[PDB]
Every structure is written in C-alpha cells, then in structure tokens.
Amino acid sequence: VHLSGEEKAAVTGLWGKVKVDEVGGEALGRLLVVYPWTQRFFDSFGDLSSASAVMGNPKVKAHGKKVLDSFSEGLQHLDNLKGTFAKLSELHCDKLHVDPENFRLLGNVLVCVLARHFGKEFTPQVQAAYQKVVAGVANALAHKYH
C-alpha cells in the first residue's frame, strides 16, 4: 500500500534516531521469549532455556542487527518491496521452512520495542505509519511461498 507524504516523513524522522546496534537484538530476543516455539529455528545459537538465557545470548544479538539492516533497505524501496525481498523470500521458504505467521509476530514485537525506547514520542500517529511498513515487509517476504 501507499504511504502518504506525512506518513513517510514520520518514518524517516524516527528511524534516524534508532540505536542500530541495540533495537534489532532486543526485538529478536523478545520473539524467542514471548513465542517460545521460535527457539527451535535457532538451535545452533546455544542456551535458550529461560528468559535470562535468551536475553544474554551473543549470537541472538548479532543476528538481530542483520535483520534491522534488511528493514533499513526496505525503507528506501517502498514502491518495489517485492523485487527488493525476492531473494530472501526464496530462502525463508525453500531452505528455512518458516511459517509466514511468524513474520507478522516479529513485526509487532519490533513495534513494542520502538514503543519502549521512545515513550511519549511514539504517538498513535507514528505507530500507524510503522504498522503500514511492517505489514508491507511481511507480505513481501511471504510472496514466493505462493
């Protein structure tokens, strides 16, 4: 879907203030604690048996950064998300066997993390623009499953 001129401005403004080395790791960690079955995809990362273990794991933090960088590329090609994510969609389907419902859950955890970091600045209006972005990314990652 199309973002309006105002929605685009709000997204660009907040994203320039994000802690690039921090936000992605917290989002991936909360996915693994809140929705505990997601731990199975990351078995090679180590001990994930309690909330404290997941949130202290170095491999979880590093991969979270790579995920954030991918969101950042998406933000520069909002009218061609399918072409941008075509290769990654093939990977998550054909090789990793991730059910697409999990793409939606990760998007919403990211939104909860932006809320925790920005407080009063994460207004209903800023949240609304980000919901359009995370939905667009989820759909683009799912497109080669069909």
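Numbers follow the displayed sequence, beginning with 1.
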Higher-scoring stretch by recorded Cα B factor average, 48-56 or 109-117: 48-56
Given 9-17 and 125-133, the range whose Cα B-factors average higher in the PDB entry: 9-17
Among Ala27, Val34, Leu96, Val67 - the residue whose C-alpha B-factor is largest in the record: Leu96
Lowest, middle or highest third - CA B-factor, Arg104: lowest
Cα B factor band for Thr84 (lowest, middle or highest third within the chain): highest
